[PDB]
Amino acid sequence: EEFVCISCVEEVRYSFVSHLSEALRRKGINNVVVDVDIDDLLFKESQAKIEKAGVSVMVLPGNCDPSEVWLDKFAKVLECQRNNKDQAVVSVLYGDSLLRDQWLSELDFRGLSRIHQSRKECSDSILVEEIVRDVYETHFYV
């Protein structure tokens, strides 16, 4: 049973991410959520979730400067990918005031090219469906 690991900051754990998780489940795609804001104690005990995931969906705080977010919070998520080079990484730039050019630069530097983004007056429900369709058709549909 392949599954998806969604990583995020605590601010969207119970809002946007909860809808994303439920939409994946409705599609028949098992998933777990990892809050990157937890102590590195609990993170160590959660690393296996990320490492064993067939798909890693990183939901990024797109309103924030990547220079204060990536190394601090998300580098530890991506490093889990090499314990599984069958693992795909999908990135989501989420927020109502994206530092879009900054994040696109950041993701390119990290070698990440599969990117979904919040858009002006585009509904989050549509964004969720877009992420689900991508994960589903790429990895759970043949």
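So that there is no doubt, residue numbering starts at 1 and follows the sequence shown.
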property: Comparing 46-54 with 30-38, the one whose average Cα B-factor in the PDB entry is higher; result: 46-54
property: Higher-scoring stretch by recorded Cα B factor average, 83-91 or 112-120; result: 83-91
property: Which of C8, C5, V135, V142 ranks first by CA B-factor in the deposited coordinates; result: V142
property: Selection by C-alpha B-factor (highest) of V69, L99, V59, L78; result: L78
